[PDB]
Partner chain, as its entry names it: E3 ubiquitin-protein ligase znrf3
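As a starting point, one isolated chain is supplied in structure tokens, in the form solved without its partner chain.
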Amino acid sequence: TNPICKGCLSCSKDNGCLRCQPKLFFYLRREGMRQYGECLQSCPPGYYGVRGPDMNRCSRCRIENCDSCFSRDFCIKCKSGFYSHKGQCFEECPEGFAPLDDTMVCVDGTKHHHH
């Protein structure tokens, strides 16, 4: 289908939106091998919304093993089998920290080891 260019301040002929209305989130979509600017009310899964200094945008979550990003560097929810710890995703909680198996986070534990 041919994209209709919506919620937009500058609509182009062949590239969708070039500048969204202030409140909408700019999103770059691929149709028939072309890139189209779209203006979304909320970003879709795999992205996070952020207010940049130029516009609201949907940025791609690139954290390894992350399901949902809070921001570029912080994962809110990791994929299956991973624990979140300081915004990253771990198969095992690191030294000093203990797993909570119902929420899949790492929390403060002991640093003592027997000699």
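Numbering follows the first chain given and starts at 1. Here, rigid core means the biggest group of C-alpha atoms that superpose within 1.5 Å across both forms.
Between 52-60 and 29-37, it is 29-37 that carries the larger average Cα temperature factor according to the deposited entry. Comparing the deposited coordinates for 104-112 and 1-9, the stretch with the larger average C-alpha B-factor is 1-9. Annotation for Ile76: C-alpha temperature factor in the highest third relative to the rest of the modelled chain, per the entry.
The same protein also exists as the form solved in complex with its partner chain; that form is not shown, yet it is the one meant from here on.
Contact annotation for the candidate site: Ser12, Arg30 and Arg34 all lie close to its partner chain in the deposited bound form (heavy atom within 4.5 Å). Its partner chain in the deposited bound form comes within 4.5 Å of a heavy atom belonging to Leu18.
Taking the partner from the other structure, its partner chain in the deposited bound form has a heavy atom within 4.5 Å of a heavy atom of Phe26. Looking at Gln88, you'd find every heavy atom of it more than 4.5 angstroms from its partner chain in the deposited bound form.
At the 4.5 Å threshold, heavy atoms of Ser68 stay clear of its partner chain in the deposited bound form, well away from it. Relative to the superposed rigid core, the position of the CA of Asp14 differs between the shown form and the other one by less than 2 Å. After superposition on the rigid core, the Cα atom of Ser80 is displaced by 2 Å or more between the shown form and the other one.
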